[PDB]
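Here the structure comes first, spelled out in structure tokens, and everything after it is commentary.
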Amino acid sequence: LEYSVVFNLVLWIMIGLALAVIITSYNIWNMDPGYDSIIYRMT
Amino acid sequence: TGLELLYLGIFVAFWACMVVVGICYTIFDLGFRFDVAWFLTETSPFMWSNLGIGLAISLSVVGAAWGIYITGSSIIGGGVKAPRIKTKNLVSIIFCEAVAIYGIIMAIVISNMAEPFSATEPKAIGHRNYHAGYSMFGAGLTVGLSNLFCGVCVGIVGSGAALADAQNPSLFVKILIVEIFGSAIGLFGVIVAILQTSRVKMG
Amino acid sequence: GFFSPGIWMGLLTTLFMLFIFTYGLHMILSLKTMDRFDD
Amino acid sequence: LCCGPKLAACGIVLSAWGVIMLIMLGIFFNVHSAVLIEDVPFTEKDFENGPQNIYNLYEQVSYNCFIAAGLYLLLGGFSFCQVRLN
Amino acid sequence: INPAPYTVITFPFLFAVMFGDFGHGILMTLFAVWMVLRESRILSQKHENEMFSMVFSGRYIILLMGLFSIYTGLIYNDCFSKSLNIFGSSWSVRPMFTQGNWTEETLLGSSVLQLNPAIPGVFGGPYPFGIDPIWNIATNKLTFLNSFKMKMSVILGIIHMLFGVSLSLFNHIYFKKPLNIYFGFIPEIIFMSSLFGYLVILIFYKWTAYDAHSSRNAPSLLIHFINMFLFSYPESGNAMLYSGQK
Amino acid sequence: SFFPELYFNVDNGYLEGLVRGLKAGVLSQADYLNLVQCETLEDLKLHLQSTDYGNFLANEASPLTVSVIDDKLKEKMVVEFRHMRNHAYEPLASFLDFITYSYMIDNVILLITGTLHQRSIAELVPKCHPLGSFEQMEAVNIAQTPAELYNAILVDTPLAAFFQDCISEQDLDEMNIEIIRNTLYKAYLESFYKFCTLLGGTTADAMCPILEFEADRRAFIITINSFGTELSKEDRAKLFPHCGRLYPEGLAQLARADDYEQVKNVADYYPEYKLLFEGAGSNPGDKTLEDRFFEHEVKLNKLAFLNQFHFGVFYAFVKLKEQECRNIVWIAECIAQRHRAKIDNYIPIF
Amino acid sequence: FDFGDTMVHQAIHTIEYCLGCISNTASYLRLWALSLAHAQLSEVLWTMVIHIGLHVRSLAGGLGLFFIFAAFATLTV
Amino acid sequence: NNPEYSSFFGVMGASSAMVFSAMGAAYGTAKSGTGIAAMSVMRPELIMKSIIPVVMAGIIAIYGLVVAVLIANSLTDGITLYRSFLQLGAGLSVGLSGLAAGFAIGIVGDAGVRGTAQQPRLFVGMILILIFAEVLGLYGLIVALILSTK
Amino acid sequence: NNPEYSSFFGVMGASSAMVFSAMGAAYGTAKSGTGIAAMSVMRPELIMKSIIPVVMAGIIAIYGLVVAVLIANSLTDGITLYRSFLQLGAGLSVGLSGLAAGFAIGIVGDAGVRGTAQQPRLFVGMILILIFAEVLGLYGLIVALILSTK
Amino acid sequence: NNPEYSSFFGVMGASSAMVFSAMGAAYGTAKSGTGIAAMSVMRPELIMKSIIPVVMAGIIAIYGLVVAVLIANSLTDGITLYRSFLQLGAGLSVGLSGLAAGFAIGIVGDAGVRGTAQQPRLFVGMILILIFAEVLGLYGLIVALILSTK
Amino acid sequence: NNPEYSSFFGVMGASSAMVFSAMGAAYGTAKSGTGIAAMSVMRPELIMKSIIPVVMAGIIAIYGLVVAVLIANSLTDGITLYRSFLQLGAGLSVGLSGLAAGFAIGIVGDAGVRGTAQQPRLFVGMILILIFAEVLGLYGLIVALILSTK
Amino acid sequence: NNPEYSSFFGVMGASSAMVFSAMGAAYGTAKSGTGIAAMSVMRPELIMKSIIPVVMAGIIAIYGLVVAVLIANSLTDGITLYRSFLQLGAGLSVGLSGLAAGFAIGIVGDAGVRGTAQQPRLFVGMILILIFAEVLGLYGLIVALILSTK
Amino acid sequence: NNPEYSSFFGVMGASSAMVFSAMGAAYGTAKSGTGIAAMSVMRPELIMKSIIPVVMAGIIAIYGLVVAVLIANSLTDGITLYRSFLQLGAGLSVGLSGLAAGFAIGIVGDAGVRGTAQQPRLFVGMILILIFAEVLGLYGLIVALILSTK
Amino acid sequence: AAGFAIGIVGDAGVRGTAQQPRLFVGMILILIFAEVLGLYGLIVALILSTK
Amino acid sequence: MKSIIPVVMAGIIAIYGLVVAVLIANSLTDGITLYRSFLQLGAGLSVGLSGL
């Protein structure tokens, strides 16, 4: 009952969650550890 | 390119949801639930007037910003060894400022025709209010985007001419005329927007 | 229906505004720095 | 010489084949009276009195093939004349 | 086994049935004979067009091909999208259809069509002159021609495959290799003969057996074939094409 | 193109203007007529001081020599390139890093076998070709240890990635230095081509053809040359770069080639460089095959200059400036030699 | 006598032979597709170009039929 | 009768008609506008010949004008919502035709101006391909004209 | 009996029909023009032969227009509910067919132009491919017209 | 009194079927043209042999043609609303299966291109793998027409 | 009696104004600060005159509090739904106008500081560009003041 | 006349405020920390002059946190929903202005650390920019507090 | 009477706190640990000093647990819809604040261990940045607590 | 998150230990920290499974 | 010639979808029970993507 604004609220929460999880997934998939000056010893 | 790729991801997701709901609209017998007439009758011209003015100024300003930077950096990079360039090439910045001026003139012309309504009933109330608001954000969209495009074109061609000046300054005589065409694009947007405001009123 | 149109006005208009600001943000972050100077 | 055979042989072939099939089509429009199995199209909007005026139309439309065949024959004659210019 | 004496024929007819057009075949043969006439001329003639060289090198193909194409167009009664009126149509007359409890629906027919249900009692029967031209007008001709052409194409393919595979026997006997016969050729003929000759006899039997009067509850060959292939046999709800076929 | 202009100009206007202006900064043809008309080294100083170049012979030896002319041309080149590379940005900076890595591998092969042999490393410093930089450590004062340089150059020096192919410390002695340089040149070149293709804009469009030309021409010249050496055809195909039209076809005929005529036929498969073949007069007082190759390079450099939203303009300036230095020092050489019948081995660029 | 290799040889040959027989019997239907193609293109081009020969014109019908006729003739060939 | 605020679709049609022509003509005067400047240093004698694409991009903008002013002229309060749809379709069509034309003009003009910079005799053929670009723009215009008068 | 304003669908149909055709035409023109603009210096005798693909793009543009004007002739608010979306479907059909034709013609023009630049004889095969692209466009028109009149 | 908006489950089905055919075929010609330009610079005797994949670039257009005009002819004023869903199915089915086939045909065209540069004998294997591709399109035609008659 | 959420829109107007102003100013400081931080190793004497871009960025900053406080102290809950939307639009427009001004100014500052670093001559024209950027920001402001009460 | 769910606006305002404060602080600290880590290798004495940005990142944290506690001080279930509007707007708004600030600070710090390596007097310019942009942090905070109390 | 989901926004607060805290601690641990394992090669005698950033990564995770367990202890079926929103904001707040703190901690820890691999004196500045990061984490903790009990 | 950190620190530490066997102990400890994060996750999971 | 066998397995992937499509065509009718049609949907999706 009175869904007409609570569904908008759920939409806002869901897009906030999507933004956060997307940012973290982008920065965690593509984290930049340096990976230098010793990588040749292990290759 | 990952970030813009995620932007395209949300784009395609939005369109996917759109097609899904569009089909399910007629699958499950949704009886004209998206009443477009309800939407139009229930909207307000305050959105439309303020959109017109704000978008006009917005887009004129950012177009002028583009022109300002491209011309300015081209000129000061060229002047490092050929300082004579600026003495003839600084006028392009005045020109993009004039583009912004045209946009602002449209902004005031559109501000000429904004007023409150404070009415509740939609039916037969404010019939021409809708018409005038439609005209208003139409004019704002037109002016703003036209000024964007004049700005980018003027900026890049100005940079090209500015660093062509570096080798032979006599070429500035037969290259500056390019800006006239973009100015025609600006004054065209002005004419169409004037006609948009010419025969409109809120009632 | 299936929504509240009263705030749906603000929703769609604000979404247009945030799309324009999204273009603005793509351009504002398009900045990126330079290397050493020439001397 | 002028308008050699290398570019008029096409006109010759086209004219000959055209006269052939238009005489066949005129024969099928005036003798068969353009039976509908062979020719559905017809130019009337009111035929509720009888089939006689539809027959008159069948001769009318078959009349249109005579001018066709005759001036294709003229074109073929002119093409032969162009060819003979050697 | 040189396959020239078999391709030399079957390639023509298969192009011709894939090219079932009368006047187009006529034009193709006209061009082919035009090349035939000037053979000795072109042999003492120098040109650079190499597609033209590959075609007059293979003129013996195209002339015979075009002859069979004309003949196939004669089958289909399709000379430039039209049919020749032999006037053997035996489908409808005035007193018959009015005698089928009908009259003056053509007053309302200005907006409608009114397909006639079959079995009038006096019409039908064979058309010796090929395809009856009446279909060319009917807009439901698609169903008739689709079923027809699909079935004959499948059967022609079956016949060609079954004939062509038999040359492996000539190979096996000429080279005194019955080792390729024992664990080879024989089961091959077995499975193909069963799997496709069964379908052939099925369609022949259906065409010879059932009429439009028994159209209700009439099965289809598709459903029978898939039921056989799937191991699925319902206990009822679908009558056999013949007794004991399970 | 589609992406640039709105984004090119923002961070490339300065460098585009700079390459245009420094194309204009080369010696004018009137200056060249001044160069040939003095036939003396003191006057050579006199009028090079009066042009864009010159005014750089201060604090130099009173007996002006040709080597000084070479040094000043090369100093102008390296100064202009330090000017361009100092101001750069990750894509184009990386591009210019590639432009420099060729000379890097050259100088690095100069450094190697200065330490397998018992020679000083301070001895090596003044002899490096310019642009070499080598401000990075672990390669200096190595105590004449091959493994120390091996690890120094896998670890510290930026071009270590290409030495993943040159490994095991065995090739240092058993194998030639020059063949090692050739493997590194190939591997680096193909890596550069792949980097160019990754940036799929007009950069890729303008840099693909010239890299294919360079691969094709180097395979062409090397195939001509090694008819008088000890090398088999499969080890031969091993070291031809993959990034060339030849790899589709033309490299096979070069492998089959054994003399001047098979390679002539290879040139004849492609009209573009057949023309470069028939310009191989090699006459005493004219240009040679290598000069026609440099001429075609010059033409492609002009073609790169025509376009303006890519990065091949800087490579074009590289090749043109190298040709220009070759011209000016050659003129100085023939002025000192006093032999005016043989001044003609230089290619004016602009 | 390589038992395994020859066994696999015969196995692949039988598998491909049977499955190819099935796929080839399916592929024969291209005949049907092409026959449909010839038919359909014939009547559609007829109803498009040469159908315009019908018109109420009593004198200029054939006269325009000239270029209409040449048009479909070159097109159809 | 005329339903409530029936004008809307035409009110947006004029805007679309002019603004998408603003994208096409702007790109057209951008591309050649920069390429001509790049060429001018080497040889200025062909500069006015090379200007030809720019004014033609202006002509694309003029097509936009004609459609827009037609829509505005027919724009009134008593709109049947039939002509409003006609105007919207016309504006979108002509605008995006101008966009396609502007892109083709810009790229072909840059390629052509540098090509003629290398060799003079290609100028007229360059202008032929450029004329074709305007032919496409004209088809866009005439479709919008049909809709504005329906 | 008929839902009102089915003619909007025909309006958007004619629009889309010329839209996607114009897109394809611009795509073909850009590529072909840029391709010739380089190599007319080295093979100027092929300048006359180079017109063959661009007029093919022009045929695509023509096809866009002819469908647009057909739908305009058949457009009316008094549609029986069964003829306006026909215009919509046919317009989308033919337009994007023109788009595909422009794609193929432009890229094949790029490949074949340097093909003939090396060796003059390759022209005939190139023209064969151009013929095929046009055959595709023709099929698009066939089905489009069938839906247009039915 | 059939439901309103009924015939368009036929119209859009036909349109979409030929839409995807148009995409697939054009991509086939794309890759074929690039490949033939590559081959014929060095192997002229293989030109007309490499024209062979080009003819199979067109069959994707032929299959979609068949299905499209079958749907067109079978479309009527009022539908039973059980055949039109079959038309939508079959259209999308054959169209996108053919688009996949067209991708495969273009790229295997490139494969045989790079194949026959040294050894003309590979022509036979090229054609063989090429036959393996269009069988999918014919399969799609099979199921599409089974639905169109179901 | 007024529709709900009336003050909410004014609060967003203030928020939009100040955000875009802060974004532009932070951009200006970021780019100018990198330029000044790294350049002054070689020409330290320009350090006391590079504050001009910094205070120019500050002035682009300042356009916030004027409009933002005009909102903050003049905002109420009893609005007729007309004022609040005006403040929303005005805040947005002036804000992102200032954002664009800063987008120009920071990068102008870096390019300018390097330019004057080479030679002191270009400094006057560089500052000329900066003042034009401030004029742009002021345009945004004056329209904001128009919408404050209009 | 207060719609329910009013606590949501206030809590999300305070949340988003300290959220964005933490984000900006992390940016500044992380950038400056990498800089100072790679710098004290060769001049340890610069630590006392490279840690001021850390202090001012702390100051931004204090900004977000005073905002958070202040908003929390005026929160309950049945708020009027007219003050919570300001709470939400300001809470988002000041915090994201802090993002802009601290991001610019971290960039300028990355540059200034390397700037002051060989030339100690650049400390003055470093601090000159550093105080300035944090005054812009305050700039935002002013409107933050004014609306938090309005 | 009570709106739906009114006893569950706190559940998602606890969830989000755990989410963003786990992401943060994991990222910081990975980033610092890479550098730690790098500099263990040449200086294993400082591993214990380089354990310290990982210890505070654990500690900021403990902050996340304090919020999570308190929220779990402050949940039941009959919530009045405002403590639930409070705990939602609290949990997401603290979680992502710990996330950004862990980001900064990790990257600065890698840089710091790189730097201190030549000089253990840099440990003092490393600890200075490090502690401040958990000060930020503590601030997020404090706001989460006050909201969870408000 | 725990597995993510565990994998990265483990790869780094096992690579580092490929030169120095001592690192093994410290590497394992760095992993222990992430498994303590896992402990936290299971603790709250237990709370909500018995709530 | 012996490297065609993976292509034969590709043809087998082709016959698969046809088998299932014929099954669906069999069990399809006009007024389906409304709980077989989704089974057909899922079957087609599953077999087709497994073929993928």
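The residue numbers of chain M are those assigned by Swiss-Prot, with the residues present covering 6-155 sequentially.
Placement of Cβ uses the backbone N, Cα and C atoms for every residue, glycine included.
If you look up Swiss-Prot, you'll see M:11-33 (among others) marked as transmembrane segment. Residues 58, 62-63, 65-66, 68-69, 72-73, 76-77, 79-86, 88-97, 99-101, 103-108, 110-111, 114, 149, 153 of the same chain lie 6+ residues outside the transmembrane segment (M:11-33) yet bring a C-beta within less than 8 angstroms of a C-beta in it.
According to Swiss-Prot, the feature topological domain 'Cytoplasmic' maps to M:34-55 (among others).
Among the features that Swiss-Prot reports, transmembrane segment is placed at M:56-76 (among others), with the record citing sequence analysis.
DSSP places the residues of the topological domain 'Lumenal' (M:77-92) in helix, strand and coil in these numbers: 7 helix, 0 strand, 9 coil. If you look up Swiss-Prot, you'll see M:77-92 marked as topological domain 'Lumenal'.
Under the heading transmembrane segment, Swiss-Prot lists M:93-114 (among others).
Among the features that Swiss-Prot reports, topological domain 'Cytoplasmic' is placed at M:115-131 (among others), with the record citing sequence analysis. Within the chain, the topological domain 'Cytoplasmic' (M:115-131) has long-range Cβ neighbours (under 8 A, six or more residues past its boundaries) at 36-37, 39-41, 43-44, 47-48, 51, 54-55, 58.
For M:132-152 (among others), the entry in Swiss-Prot reads transmembrane segment, with the evidence type sequence analysis.
Long-range neighbours of M:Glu139 (site 'Essential for proton translocation') (same chain, six or more residues apart, CB within less than 8 Å of its CB): M:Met61, M:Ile64, M:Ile65, M:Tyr68, M:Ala106. Annotation note: M:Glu139 (site 'Essential for proton translocation') sits in a helical segment as assigned by DSSP. Annotation source Swiss-Prot lists site 'Essential for proton translocation' at M:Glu139, citing similarity to another entry.
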Distant-in-sequence neighbours of the topological domain 'Cytoplasmic' (M:34-55), which means Cβ under 8 A and at least six residues beyond its ends: 62, 107-108, 110-112, 114-119, 121-122, 125, 128
Contacting positions for the transmembrane segment (M:93-114) when only residues 6+ beyond its ends and CB under 8 Å are counted: 14-15, 17-26, 28-37, 40-41, 55, 58, 61-62, 65-66, 68-69, 72-73, 76, 131, 134-135, 138-139, 141-142, 144-146, 148-150, 152-153
Number of helical, extended and coil residues in the topological domain 'Cytoplasmic' (M:115-131), per DSSP: 14 helix, 0 strand, 3 coil
Residue counts (helix, strand, coil, in that order) that DSSP gives for the topological domain 'Cytoplasmic' (M:34-55): 18 helix, 0 strand, 4 coil
Long-range neighbours of the topological domain 'Lumenal' (M:77-92), counting only residues six or more past its ends (CB under 8 A): 7-8, 10-16, 18-19, 152-155
